[PDB]
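This document starts with one chain, in the form deposited in one PDB entry, laid out as structure tokens.
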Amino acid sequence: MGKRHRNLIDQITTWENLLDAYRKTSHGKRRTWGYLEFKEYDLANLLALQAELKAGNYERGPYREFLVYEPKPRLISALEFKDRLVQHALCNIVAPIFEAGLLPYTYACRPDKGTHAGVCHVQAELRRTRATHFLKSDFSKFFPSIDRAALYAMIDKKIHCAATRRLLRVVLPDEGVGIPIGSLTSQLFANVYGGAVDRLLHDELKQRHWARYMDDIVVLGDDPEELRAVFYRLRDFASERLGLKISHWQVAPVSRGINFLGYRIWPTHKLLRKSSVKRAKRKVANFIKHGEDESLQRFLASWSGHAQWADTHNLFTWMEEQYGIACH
């Protein structure tokens, strides 16, 4: 939007934006110590935050680092509501000036693209193109390997406002190799970072059938030797340019199924991943033999959304036959 973006700290600290950031930061978190300690003097707090950001004295408070194992052993560093609000106020001005240069086929943490628009893009781009083959790649430890230095050569070919840049550099220092997972700022900058490989797939390499979801990159082909080339070129790039090691990759015939984004995406069907089933199966079974068959309806309604995309009719019949509960 002008290829210069050279006055964003004026828009980041607009009261009208910090109120959006505030409502975005509090959305869902209105039962937390952070919201409720902030809510007290909310607009006086946003007036001392606006005026911290406007001054260039905003300093990001220390990450409260816990860790959960239920999804996967992570290393989740939280931020204070003040800090998640500053991040929300950045990523209301700064996000749409990055998320607009993200090629259409990056499906992570950008509005109107999702897990579900991505799996659909892959299935779709699998049906059209009649892909005989596909390269699926994945970045080792993506966030904990993002350069935070060649990231700020992309967060700086676009921000050009030398105060947004210094707010971006408070909210995420320009030195190290570790974009924190559990930052709104970081979802964005990882999509941006990876977006570099998108513009080594789509720009260089002239790959027109792909999808990237944050660190996972599907690349439908037709010649499996070309897709192995593409991968080699993608890995060499993302290693030399971005410091990303490719954990897993494969160049499978579209027949193995593209284990993309929680689904297994053939042209014709889209089985979800067995993990999801087993987790859900077990979750349901537990709910039954826990007397919690009323929160199960809420869980079921949820998983009925994660699976309305997938070809889970058979599975939904099967789960209705095993426990009776109204899946769909």
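Don't overthink the numbering: it's just position in the shown sequence, from 1.
Another form, the form deposited in another entry, is not on view; read the next lines as being about it.
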ask   = Whereabouts is the hinge between this form and the one not shown, that is, which of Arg273, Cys120, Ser247, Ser145 sits where one rigid part meets the other?
value = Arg273
request  = Quick one: in that other deposited form, is the Cα gap between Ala310 and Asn191 smaller or bigger than here? Answer closer or farther; it shifts by 3 Å or more.
outcome  = closer
note = Assert for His306-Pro104 (C-alpha, 3 Å or more) in that other deposited form vs reference form: pair farther
